[PDB]
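[1] here come the first chain(s), positioned as in the complex:
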Amino acid sequence: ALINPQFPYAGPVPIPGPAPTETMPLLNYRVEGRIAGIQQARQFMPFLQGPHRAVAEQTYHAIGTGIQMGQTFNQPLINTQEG
């Protein structure tokens, strides 16, 4: 702010002001609020809580069976070298 003498800035907005209204009042709000609809315990989703496999491992079962059977052919006898 600058004040300049001799033209000085009025020393106030004075008493000639026009009170325009008495509408100043905010009427307090008084209220009762009830949000009470029956609630049912459940919601349907496509899927909740699953941690789906991105790849599975290979998996398997097992079997064996049979017996011990055989047809054989042997090497001929040979002269013994030494000993």
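    On my side now, so go ahead. Numbers count the residues shown, from 1 in each chain, chains lettered A, B, ... in the order given.

[2] can you give me the strands in chain A?
    Counting by DSSP state E, chain A forms no strands at all.

[3] which residues in it form helices?
    Under the criterion DSSP state H, chain A carries no helices.

[4] what about residue A:54, how many neighbours?
    Here the count is done by other CB atoms under 10 Å, and residue A:54 has 5 residues near it. Any C-beta I mention is one placed from the backbone N, CA and C, and that applies to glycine too.

[5] what's near enough to touch it?
    By CB atoms under 8 Å, 6 or more residues apart in numbering, the contact set of residue A:54 is empty.

[6] residue A:46 versus that one, what's the distance?
    Counting by CB to CB, to the nearest Å, the separation of residue A:54 from residue A:46 is 19 Å.

[7] go on, residue A:67?
    Counting by CB to CB, the gap from residue A:67 to residue A:46 is 54 Å.

[8] kindly report the same for residue A:68.
    Using CB to CB, residue A:68 is found at 57 Å from residue A:46.

[9] check residue A:66 too.
    50 Å.

[10] what does residue A:12 give?
    Residue A:12 is 72 Å from residue A:46, where distance means CB to CB.

[11] throw chain B onto that model:
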Amino acid sequence: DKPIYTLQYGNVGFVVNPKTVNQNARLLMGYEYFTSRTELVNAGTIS
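    Now chain B, sitting on the chains shown earlier:
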């Protein structure tokens, strides 16, 4: 030498972009592949 092995279904595909397609067209696919079945170590026989 390097078999197609996706670990996820369809990760890999065989592609054919046709120039002309007649009525009742189709691709007849043929595959050679390896895949795991299972093994254990027991037998007996007494007589």
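
[12] ok chain B is in now, so what about the contacts of residue A:54?
    By CB atoms under 8 Å, 6 or more residues apart in numbering or on different chains, the contact set of residue A:54 is residue B:8.

[13] one more pass at 10 Å, please.
    Taking CB atoms under 10 Å, 6 or more residues apart in numbering or on different chains as the criterion, residue A:54 is in contact with B:7-8.

[14] and for residue B:18?
    Contacts for residue B:18 (CB under 10 Å, 6+ apart) come out as B:25, B:27.

[15] so which strand or helix has it?
    Taking DSSP states H and E as the definition, residue B:18 sits outside all helices and strands.

[16] assign residue B:29 to helix, strand or coil.
    Judged by DSSP: H, G, I helix; E, B strand; the rest coil, the three-state class of residue B:29 is coil.

[17] so it touches residue B:14, yeah?
    Yes. Residue B:29 lies in contact with residue B:14 (CB atoms under 10 Å); the separation is 7.2 Å.

[18] what residues does chain B have near chain A?
    Counting by CB under 10 Å from any CB of the partner chain, chain B comes close to chain A at B:6-9, B:11, B:35-45.

[19] farthest pair in those residues?
    For the residues of chain B next to chain A, the farthest-apart pair by CB to CB is B:11 and B:45; their separation is 47.7 Å.
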